[PDB]
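**Student:** This structure is in structure tokens; I'll ask about it shortly.
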Amino acid sequence: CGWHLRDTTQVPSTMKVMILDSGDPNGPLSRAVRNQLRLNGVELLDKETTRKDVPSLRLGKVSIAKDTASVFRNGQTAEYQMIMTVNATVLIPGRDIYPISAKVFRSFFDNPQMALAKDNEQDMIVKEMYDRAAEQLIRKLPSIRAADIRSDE
Amino acid sequence: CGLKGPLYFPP
Amino acid sequence: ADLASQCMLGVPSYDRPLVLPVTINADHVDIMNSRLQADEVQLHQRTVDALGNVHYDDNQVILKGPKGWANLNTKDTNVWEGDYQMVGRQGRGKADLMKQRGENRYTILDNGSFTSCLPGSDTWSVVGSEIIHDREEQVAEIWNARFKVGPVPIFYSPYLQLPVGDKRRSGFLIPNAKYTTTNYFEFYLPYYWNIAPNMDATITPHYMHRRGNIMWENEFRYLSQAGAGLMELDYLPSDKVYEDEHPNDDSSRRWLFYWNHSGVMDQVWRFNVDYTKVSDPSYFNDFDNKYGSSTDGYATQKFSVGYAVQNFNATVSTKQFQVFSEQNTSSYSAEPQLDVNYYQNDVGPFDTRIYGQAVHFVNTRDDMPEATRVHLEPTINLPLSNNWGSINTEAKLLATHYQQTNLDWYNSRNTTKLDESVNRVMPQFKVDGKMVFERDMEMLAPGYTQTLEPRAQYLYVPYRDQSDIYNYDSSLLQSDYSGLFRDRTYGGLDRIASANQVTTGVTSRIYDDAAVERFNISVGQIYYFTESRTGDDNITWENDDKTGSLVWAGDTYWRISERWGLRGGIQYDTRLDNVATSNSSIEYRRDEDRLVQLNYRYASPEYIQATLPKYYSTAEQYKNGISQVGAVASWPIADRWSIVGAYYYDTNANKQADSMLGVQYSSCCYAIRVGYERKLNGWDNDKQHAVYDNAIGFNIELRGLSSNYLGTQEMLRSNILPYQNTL
């Protein structure tokens with residue numbers, strides 16, 4: 001085999017306590033990032049805390065684009081592709097900042113005679129895309145602890 | 001001739 | 001070497017420290033930021049004359065010519081018969097008398113001329129009886145202005161302004177033109193109105209030769225406490241093309257209204273608008289536009305207002321649609337919809353959430369059902385976790401009430417009949433468990449690691465016959481790999497399918513010695529223990545299969561380097577006997593300027609039959625599904641040409657879907673762009689084949705006057721199948 005159960009946590013032990021900073025703290029990306037961080041056992045602190053020893057995740061620009069990805073033989077849309085891009089950064093206190101990003105792709109068929117149903121399906125898809133963006137940012141945290149140790153060595 | 005740009009809050 | 005560097009080689013730097021003390025040097029001439037040099041100077045007390053090879057330089061201009069004069073107290077100056085060259089900025093020119101006034105602010109030129117072209121490279125120039133460069137307003141003002149390309153004047157006016165910086169200014173923008181099969185020759189002439197720092201407008205007459213009239217295009221943009229937005233009102237008073245195809249009608253006006261807004265205010269109030277409306281179904285097939293497209297079967301009309309805080313949100317919205325096709329005139333709207341969510345974590349070990357909705361459904365047709373629906377959804381969950389795995393358990397109640405109205409017409413046509421009052425209550429139960437195994441790679445490279453991530457989920461939702469509820473908002477969802485783990489088969493609340501199934505799936509990931517994810521692959525399936533039913537199960541399939549492993553999906557991503565990326569996914573459904581849909585793409589991208597992407601999209605004929613309106617399986621334009629190959633590229637030739645292009649091809653038809661080709665030549669002094677597109681733009685019913693529209697578009701720009709500086713990324717998104725970056 002060589003396979004074994006994962007020995008460490010998904011989040012670095014130096015990031016067990018951290019500050020989640022956002023321009024939209026009540027928004028849908030912020031909620032997905034709050035939810036993943038708590039599910040990984042992270043205890044979050046408020047932005048204006050006295051704890052200047054703990055790292056911060058600073059959420060930045062979110063973009064969502066919806067584009068025609070396929071057409072039928074009359075040139076009408078067959079499929080839309082939705083792309084979400086999230087930019088964020090991690091500050092390790094008294095050390096450098098590490099930029100991170102997530103990118104999520106989803107597609108769906110259009111239907112002009114179920115247009116309201118398709119708009120509800122688009123809201124459904126966008127909610128799921130924030131969970132994938134939140135998972136992707138948390139999977140990038142071990143790389144930041146590696147970049148931190150490499151900047152030290 | 002004129003010239004366009006990004007919007008910003010006064011001042 | 002890069003174009004910004006080529007242009008800077010023709011632009012003076014400043015050779016001295018930025019800054020009073022005064023120095024005079026001579027045989028018995030060099031004088032000192034501001035410096036004067038000459039063969040001869042005469043000084044009086046305060047003024048100087050200067051003569052012979054007079055040269056003056058400064059923090060913003062070089063001046064040269066036969067004779068100089070200045071007043072030393074005011075720094076007022078005259079240079080006759082001279083030429084000038086800006087410092088740290090690209091402009092230069094000649095004048096019969098060049099004057100500095102208002103303590104360096106105003107530079108006046110009698111019989112002047114001006115260009116941003118580098119020395120000897122004299123492509124274009126302004127000439128006037130007078131020119132004034134004003135450094136505080138960032139403007140050149142010209143009287144009896146002639147605009148020359150080479151030695152010949154293209155244009156004249158009694159007065160002109162050029163903006164010569166980056167500060168905004170009202171007036172005409174540089175025009176553009178195109179030739180299209182749809183309108184013949186077309187011309188656009190934007191006027192820009194700078195209303196305030198936080199809002200502006202553009203008024204653009206758009207001439208179309210085929211129609212013999214001007215469309216007026218009006219854009220308004222704003223920034224506010226409530227958010228930022230854009231409104232566009234495009235209006236054509238009459239249309240000689242439309243008035244032949246629709247000859248009996250009262251008036252041939254064409255119009256578009258668009259409004260978009262987004263904003264969050266005081267961190268808690270959320271505002272959104274996404275509104276389009278047009279005079280007729282044909283609008284986006286006739287008129288090329290920034291917002292709609294010929295690819296679109298309806299215009300969307302949405303408003304929402306929401307209050308959101310960390311543990312609660314409430315949103316009121318409307319959702320209306322204008323549908324272009326004549327094939328069905330019915331369309332449902334939400335008027336309004338109210339959504340509410342409440343959250344409470346650590347309720348003992350459990351986390352709690354409540355979702356609530358109230359919606360009123362209205363139709364464009366007088367004879368269609370109308371309803372009010374109210375929905376309430378309490379959820380309780382117990383998350384458990386380890387280093388190496390986790391398990392989540394949820395329970396929900398799916399309580400819904402309908403009041404349905406206007407049923408007499410629909411109940412005359414159908415044997416299954418709608419009910420004026422409907423309650424549906426369903427318990428949902430879910431269990432969702434994950435593990436993570438790790439392995440050291442001996443084989444690929446030192447320090448690499450592989451992860452193996454198995455998931456399994458059980459879902460139970462009981463059967464409720466829903467055939468007495470009309471379907472207002474439930475579309476069948478597409479089962480991608482993440483979609484294997486949804487609790488819903490449909491997109492709304494009017495169909496909830498019974499569930500008795502285990503989803504299983506596995507992901508593997510490869511991590512390098514920097515702990516960056518290089519690759520992943522995902523595979524999974526849904527195994528159904530009982531048939532997933534709604535009681536309105538009128539969907540049509542190739543097989544009578546109901547239970548077992550019916551749905552498969554997979555997904556992969558390889559980040560081959562920081563320049564190369566491979567993505568792809570597949571959906572297979574045993575009820576189609578076939579691959580339902582697939583897509584893949586490979587991309588190389590070195591820069592914004594330098595990329596190539598190949599992409600493929602598949603959706604089977606059986607998938608169209610199972611999931612789209614029933615006439616799509618009969619209409620030759622829809623019937624065959626999708627099998628589309630696409631190539632997109634951008635590359636620079638020398639440092640001055642950008643070539644951009646896209647080709648998209650239907651592999652069943654052996655016919656082109658879209659083709660775009662864009663060439664931009666970029667000098668220091670100007671740029672030119674030519675863009676071609678040929679697109680599918682409708683169907684000919686009388687001959688049973690596709691219609692194509694061609695467009696050739698010409699854009700031209702001045703350079704060196706502003707920070708604006710190879711056109712690649714704008715061209716890549718001009719076409720009906722626009723570029724998305726897949727690295």
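Naming works like this for the structure tokens: A, B, ... for the chains as they're shown, residue 1 at the start of each chain, ligands 1 onward in shown order.
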Please identify every residue of chain C that has at least one atom no more than 6 Å from any atom of chain B, counting only C-alpha atoms, and report them as a PyMOL selection string.
**Tutor:** chain C and resi 161-162+168-173+197-198
**Student:** Write out, as a PDB file, in the first residue's frame, the residues just selected, with N, CA and C atoms.
**Tutor:**
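Result written to selection_26.pdb:
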```pdb
ATOM      1  N   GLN C 161     -10.582  71.496 -28.524  1.00  0.00           N
ATOM      2  CA  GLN C 161      -9.805  71.086 -27.361  1.00  0.00           C
ATOM      3  C   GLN C 161      -9.325  69.655 -27.524  1.00  0.00           C
ATOM      4  N   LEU C 162      -8.073  69.372 -27.172  1.00  0.00           N
ATOM      5  CA  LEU C 162      -7.622  68.025 -26.860  1.00  0.00           C
ATOM      6  C   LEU C 162      -7.404  67.908 -25.350  1.00  0.00           C
ATOM      7  N   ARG C 168     -10.735  63.583 -16.565  1.00  0.00           N
ATOM      8  CA  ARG C 168     -11.937  63.536 -17.410  1.00  0.00           C
ATOM      9  C   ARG C 168     -12.382  64.894 -17.925  1.00  0.00           C
ATOM     10  N   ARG C 169     -13.027  64.906 -19.088  1.00  0.00           N
ATOM     11  CA  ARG C 169     -13.504  66.116 -19.766  1.00  0.00           C
ATOM     12  C   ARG C 169     -14.675  65.815 -20.681  1.00  0.00           C
ATOM     13  N   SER C 170     -15.696  66.653 -20.708  1.00  0.00           N
ATOM     14  CA  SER C 170     -16.838  66.505 -21.607  1.00  0.00           C
ATOM     15  C   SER C 170     -16.492  66.822 -23.057  1.00  0.00           C
ATOM     16  N   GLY C 171     -17.191  66.203 -23.998  1.00  0.00           N
ATOM     17  CA  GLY C 171     -17.047  66.413 -25.429  1.00  0.00           C
ATOM     18  C   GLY C 171     -17.019  65.112 -26.213  1.00  0.00           C
ATOM     19  N   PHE C 172     -16.913  65.214 -27.530  1.00  0.00           N
ATOM     20  CA  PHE C 172     -16.851  64.074 -28.438  1.00  0.00           C
ATOM     21  C   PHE C 172     -15.675  63.154 -28.175  1.00  0.00           C
ATOM     22  N   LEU C 173     -15.906  61.852 -28.176  1.00  0.00           N
ATOM     23  CA  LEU C 173     -14.859  60.847 -28.252  1.00  0.00           C
ATOM     24  C   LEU C 173     -14.547  60.538 -29.725  1.00  0.00           C
ATOM     25  N   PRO C 197     -17.892  63.753 -10.327  1.00  0.00           N
ATOM     26  CA  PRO C 197     -16.931  62.703 -10.027  1.00  0.00           C
ATOM     27  C   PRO C 197     -17.540  61.300  -9.970  1.00  0.00           C
ATOM     28  N   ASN C 198     -18.764  61.183  -9.466  1.00  0.00           N
ATOM     29  CA  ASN C 198     -19.446  59.915  -9.250  1.00  0.00           C
ATOM     30  C   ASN C 198     -20.523  59.582 -10.289  1.00  0.00           C
TER      31      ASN C 198
END
```
**Student:** Pull out every residue of chain C that has at least one atom within 6 Å of chain A, counting only C-alpha atoms, and report them as a PyMOL selection string.
**Tutor:** chain C and resi 295-297+308-310+387-388+436-439+473-475+491+514-516+621-622+680-683+690+721
**Student:** For those residues, write N, CA, C and O atoms to a file as a compact mmCIF listing (two decimals), in the first residue's frame.
**Tutor:**
```
# COMPACT_ATOMS: atom_id res chain seq x y z
N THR C 295 -27.64 35.31 -29.16
CA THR C 295 -27.67 34.03 -28.47
C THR C 295 -28.77 33.89 -27.45
O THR C 295 -28.92 32.81 -26.89
N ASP C 296 -29.54 34.93 -27.15
CA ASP C 296 -30.43 34.96 -25.99
C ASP C 296 -31.90 34.81 -26.41
O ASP C 296 -32.36 35.47 -27.33
N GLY C 297 -32.63 33.93 -25.74
CA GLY C 297 -34.05 33.64 -26.01
C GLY C 297 -35.04 34.47 -25.21
O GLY C 297 -36.23 34.44 -25.50
N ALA C 308 -29.00 41.70 5.46
CA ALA C 308 -28.17 40.59 5.89
C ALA C 308 -27.28 40.97 7.06
O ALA C 308 -26.59 41.98 7.03
N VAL C 309 -27.24 40.13 8.07
CA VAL C 309 -26.37 40.19 9.24
C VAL C 309 -25.81 38.80 9.50
O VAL C 309 -26.14 37.85 8.80
N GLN C 310 -24.89 38.65 10.44
CA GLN C 310 -24.08 37.44 10.51
C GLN C 310 -24.90 36.15 10.70
O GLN C 310 -24.59 35.13 10.11
N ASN C 387 -8.74 14.56 12.15
CA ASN C 387 -7.66 14.83 11.19
C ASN C 387 -7.90 14.13 9.85
O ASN C 387 -7.74 14.73 8.78
N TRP C 388 -8.32 12.87 9.90
CA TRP C 388 -8.41 11.98 8.76
C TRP C 388 -9.80 11.77 8.18
O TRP C 388 -9.93 11.08 7.18
N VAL C 436 -9.69 10.94 4.36
CA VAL C 436 -8.52 11.40 3.64
C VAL C 436 -7.32 10.52 3.97
O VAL C 436 -6.81 10.54 5.08
N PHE C 437 -6.88 9.75 2.99
CA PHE C 437 -5.63 9.02 3.01
C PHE C 437 -4.52 9.80 2.31
O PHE C 437 -4.78 10.53 1.36
N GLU C 438 -3.28 9.64 2.75
CA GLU C 438 -2.08 10.25 2.19
C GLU C 438 -1.03 9.17 1.87
O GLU C 438 -1.03 8.10 2.48
N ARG C 439 -0.15 9.43 0.92
CA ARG C 439 0.91 8.52 0.45
C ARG C 439 2.11 9.31 -0.06
O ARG C 439 1.94 10.23 -0.85
N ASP C 473 -41.58 26.67 -11.05
CA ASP C 473 -40.17 27.04 -10.86
C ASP C 473 -39.15 25.89 -10.79
O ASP C 473 -37.99 26.13 -10.50
N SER C 474 -39.51 24.64 -11.07
CA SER C 474 -38.60 23.51 -10.92
C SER C 474 -38.10 22.95 -12.25
O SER C 474 -38.77 22.16 -12.90
N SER C 475 -36.87 23.32 -12.63
CA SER C 475 -36.11 22.72 -13.72
C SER C 475 -35.34 21.50 -13.25
O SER C 475 -34.92 21.43 -12.10
N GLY C 491 -34.61 22.37 -9.44
CA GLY C 491 -34.09 23.69 -9.11
C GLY C 491 -34.95 24.62 -8.27
O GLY C 491 -34.48 25.70 -7.92
N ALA C 514 6.28 21.94 -2.51
CA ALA C 514 5.83 23.21 -1.96
C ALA C 514 4.39 23.15 -1.42
O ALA C 514 3.80 24.17 -1.10
N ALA C 515 3.81 21.95 -1.34
CA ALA C 515 2.42 21.70 -0.98
C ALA C 515 1.39 22.41 -1.87
O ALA C 515 0.29 22.69 -1.43
N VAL C 516 1.72 22.68 -3.14
CA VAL C 516 0.77 23.18 -4.13
C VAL C 516 0.07 22.00 -4.81
O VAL C 516 0.71 21.02 -5.15
N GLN C 621 -32.66 22.38 -35.89
CA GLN C 621 -31.75 23.27 -35.20
C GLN C 621 -31.40 22.87 -33.76
O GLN C 621 -30.38 23.34 -33.28
N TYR C 622 -32.17 22.02 -33.10
CA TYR C 622 -31.94 21.61 -31.71
C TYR C 622 -31.67 20.11 -31.57
O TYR C 622 -30.85 19.68 -30.77
N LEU C 680 -23.56 32.52 -36.44
CA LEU C 680 -24.94 32.05 -36.57
C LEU C 680 -25.89 33.09 -35.99
O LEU C 680 -25.84 33.40 -34.81
N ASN C 681 -26.78 33.64 -36.81
CA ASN C 681 -27.74 34.66 -36.42
C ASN C 681 -29.14 34.33 -36.95
O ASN C 681 -29.73 35.09 -37.70
N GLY C 682 -29.67 33.18 -36.56
CA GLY C 682 -31.03 32.77 -36.88
C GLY C 682 -31.12 31.60 -37.84
O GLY C 682 -30.13 30.96 -38.19
N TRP C 683 -32.33 31.29 -38.26
CA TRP C 683 -32.68 30.14 -39.08
C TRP C 683 -33.63 30.57 -40.18
O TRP C 683 -34.50 31.39 -39.94
N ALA C 690 -29.36 27.43 -41.53
CA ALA C 690 -28.92 28.54 -40.70
C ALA C 690 -28.66 29.82 -41.49
O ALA C 690 -28.29 29.79 -42.66
N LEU C 721 -19.19 33.49 -28.43
CA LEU C 721 -18.64 32.44 -27.57
C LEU C 721 -17.37 32.97 -26.91
O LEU C 721 -16.27 32.63 -27.34
```
**Student:** Excluding residue 62 (chain A) and any residue of its chain fewer than 2 positions from it, enumerate the residues within 8 Å of it, using only C-alpha atoms, and give them as a list in words.
**Tutor:**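 My reading of the contact set: residues 60, 64, 84, 85, 86 and 87 of chain A.
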**Student:** Can you list every residue in region 17-62 of chain A that DSSP puts in helix (DSSP H, G or I), as a ChimeraX atom specification?
**Tutor:** /A:28-39
**Student:** Residues of region 430-601 of chain C in strand (DSSP E) according to DSSP, as a ChimeraX atom specification?
**Tutor:** /C:430-435,437-440,449-461,499-511,517-528,548-559,564-573,578-589,595-601
**Student:** Would you list the contacts of region 227-231 of chain C as a ChimeraX atom specification, taking every protein, DNA or RNA residue within 6 Å and counting only C-alpha atoms, but skipping same-chain residues closer than 6 positions in sequence?
**Tutor:** /C:219-221,258-263
**Student:** For a test of reading the model, state the distance in Å between CA of residue 75 (chain C) and CA of residue 48 (chain C), rounded to one decimal.
**Tutor:**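 Going from CA of residue 75 (chain C) over to CA of residue 48 (chain C) covers 10.8 Å.
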**Student:** With only C-alpha atoms as the counted atoms, please give the residues lying no more than 9 Å from region 58-72 of chain C, apart from itself and same-chain residues fewer than 2 positions off, as a PDB file with C-alpha atoms, in the first residue's frame.
**Tutor:**
```pdb
ATOM      1  CA  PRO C  12      13.140  63.383 -22.675  1.00  0.00           C
ATOM      2  CA  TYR C  14      14.776  65.107 -16.444  1.00  0.00           C
ATOM      3  CA  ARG C  16      18.536  67.350 -12.651  1.00  0.00           C
ATOM      4  CA  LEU C  18      13.736  68.402  -8.354  1.00  0.00           C
ATOM      5  CA  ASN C  33      14.908  73.575 -11.865  1.00  0.00           C
ATOM      6  CA  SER C  34      14.748  75.891 -14.888  1.00  0.00           C
ATOM      7  CA  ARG C  35      17.827  76.277 -17.124  1.00  0.00           C
ATOM      8  CA  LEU C  36      18.564  78.668 -20.004  1.00  0.00           C
ATOM      9  CA  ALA C  38      22.382  80.627 -25.420  1.00  0.00           C
ATOM     10  CA  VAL C  41      22.510  87.142 -23.156  1.00  0.00           C
ATOM     11  CA  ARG C  46      14.280  92.410 -14.082  1.00  0.00           C
ATOM     12  CA  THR C  47      14.629  91.003 -17.675  1.00  0.00           C
ATOM     13  CA  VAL C  48      16.930  89.194 -20.154  1.00  0.00           C
ATOM     14  CA  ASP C  49      17.194  89.020 -23.917  1.00  0.00           C
ATOM     15  CA  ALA C  50      18.849  85.804 -25.195  1.00  0.00           C
ATOM     16  CA  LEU C  51      20.179  85.247 -28.763  1.00  0.00           C
ATOM     17  CA  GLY C  52      21.918  82.592 -30.882  1.00  0.00           C
ATOM     18  CA  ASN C  53      20.936  78.909 -30.548  1.00  0.00           C
ATOM     19  CA  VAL C  54      18.614  79.639 -27.590  1.00  0.00           C
ATOM     20  CA  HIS C  55      17.745  76.502 -25.628  1.00  0.00           C
ATOM     21  CA  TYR C  56      15.580  76.402 -22.478  1.00  0.00           C
ATOM     22  CA  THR C  74       7.302  86.645 -12.826  1.00  0.00           C
ATOM     23  CA  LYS C  75       9.064  83.924 -14.940  1.00  0.00           C
ATOM     24  CA  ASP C  76       7.066  85.176 -17.962  1.00  0.00           C
ATOM     25  CA  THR C  77       8.887  84.265 -21.266  1.00  0.00           C
ATOM     26  CA  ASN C  78       8.856  84.637 -25.080  1.00  0.00           C
ATOM     27  CA  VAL C  79      10.714  82.437 -27.631  1.00  0.00           C
ATOM     28  CA  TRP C  80      10.248  83.379 -31.302  1.00  0.00           C
ATOM     29  CA  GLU C  81      10.377  80.988 -34.326  1.00  0.00           C
ATOM     30  CA  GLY C  82      10.917  77.955 -32.073  1.00  0.00           C
ATOM     31  CA  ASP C  83      10.050  74.326 -31.430  1.00  0.00           C
ATOM     32  CA  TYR C  84       9.225  72.536 -28.166  1.00  0.00           C
ATOM     33  CA  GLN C  85       9.270  69.065 -26.601  1.00  0.00           C
ATOM     34  CA  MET C  86       7.513  67.926 -23.418  1.00  0.00           C
ATOM     35  CA  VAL C  87       9.527  66.297 -20.558  1.00  0.00           C
ATOM     36  CA  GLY C  88       8.222  63.040 -19.035  1.00  0.00           C
ATOM     37  CA  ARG C  89       5.311  63.254 -21.569  1.00  0.00           C
ATOM     38  CA  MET C  98       6.021  80.392 -28.056  1.00  0.00           C
TER      39      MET C  98
END
```
**Student:** Work out how far CA of residue 325 (chain C) is from CA of residue 257 (chain C), in Å to one decimal.
**Tutor:**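 Answer for the CA of residue 257 (chain C) to CA of residue 325 (chain C) separation: 19.3 Å.
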**Student:** As an exercise, work out the distance from CA of residue 102 (chain A) to CA of residue 451 (chain C) in Å and give it to one decimal place.
**Tutor:**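 Going from CA of residue 102 (chain A) over to CA of residue 451 (chain C) covers 19.4 Å.
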